[PDB]
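Single chain ahead, by itself, as structure tokens, in the form deposited in one PDB entry.
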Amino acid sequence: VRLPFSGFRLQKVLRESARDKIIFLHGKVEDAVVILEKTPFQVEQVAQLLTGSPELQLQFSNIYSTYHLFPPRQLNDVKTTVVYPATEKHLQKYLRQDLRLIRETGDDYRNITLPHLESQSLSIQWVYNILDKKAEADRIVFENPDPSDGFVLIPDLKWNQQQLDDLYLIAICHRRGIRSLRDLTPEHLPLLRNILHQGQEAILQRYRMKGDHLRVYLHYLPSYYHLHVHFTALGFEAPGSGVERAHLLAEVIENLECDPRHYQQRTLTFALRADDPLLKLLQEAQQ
């Protein structure tokens, strides 16, 4: 299959991680962002390769010997995400900037964060497309169609589905208007309970993965402002599973049962890119 465009002219390498074996490239085609990621190893096809005669070229020796391996097509998979046409929100996002941590009080959110957010963030159209089945229908793992307490559990774009090691699914709620953790009140408890339980039971049916192998969380300062819950394999150090962003659903539910006004009043901690205008707005508000 052909790319959604014709020809690529690299403009800038937005991000280049040697540790995560990923590259984010901005190119002119019109504007387009192409993400290439080396796929994780599949135990079966590797074990099968080592039992035979592989193509190796020695780098160095010792007991420690290093080689350069050239495996056949099957092992040569690369995850290719194409964003076309890509907006200025996309080009700024993927860029590597130093991060600074900020502690947002209930008043900081009301006065600084919420008005900034309302000034606008991103199009959520792809979310709507999933929810109204205009896209990815074939990939829905489970759906509770209830307009208020309902959701859609779909594997995330970031998971190639070839192995359970990096299992990553999202529960996207059917109800519109819940931007983040900050909009949550006790009226959202039946929705959240539905996600926690029905989302895990769906993973158990589909992937035979017990709930104690799952890390179920929300992100504070999410990438998109339509409530979504992450379901990640525990052995997977999922970028974003870190304490400065992740909030366990079970704990979110429990806090809400304890303190109804919790997420509206309490101070939330998150990181922001040094170049983020919101970071300055909060910094200035705090001094």
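Heads up: residue numbers just count along the shown sequence, starting at 1.
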Between neighbours residue 36 and residue 35, residues that the deposited sequence lists but the model omits
none
Between neighbours residue 63 and residue 62, residues that the deposited sequence lists but the model omits
1 to 3
State which stretch shows the higher mean Cα B factor in the entry: 174-182 or 110-118.
110-118
Residue stretch of maximal mean CA temperature factor, 190-198 vs 79-87
79-87
Can you tell me which of 244, 251, 257, 31 has the highest Cα temperature factor in the record?
31
Return the residue from 230, 261, 68, 226 that has the highest Cα B-factor in the entry.
68
Could you look up the Cα B-factor of residue 94 in the entry and say which third of the chain it sits in: lowest, middle or highest?
highest
Using the B-factor values recorded in the entry, state whether the Cα atom of residue 235 falls in the lowest, middle or highest third among the modelled residues of its chain.
middle
Where does the C-alpha B-factor of residue 274 rank in its chain, lowest, middle or highest third?
middle
Among the modelled residues of its chain, the C-alpha B-factor of residue 211 falls in the third labelled middle
Sorting the chain's modelled residues by C-alpha B-factor and splitting them into thirds places residue 103 in the lowest
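The same protein also exists as the form deposited in another entry; that form is not shown, yet it is the one meant from here on.
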Which one of 80, 219, 160, 95 is found at the hinge, the spot where the C-alphas switch from fitting one rigid part better to fitting the other better, between this form and the one not shown?
95
Under comparison with the form shown, the C-alpha atoms of residue 274 and residue 10 in the other entry shift by 3 angstroms or more, placing them closer
With a change of at least 3 Å, which way does the C-alpha separation between residue 45 and residue 207 go in the other entry: closer or farther?
farther
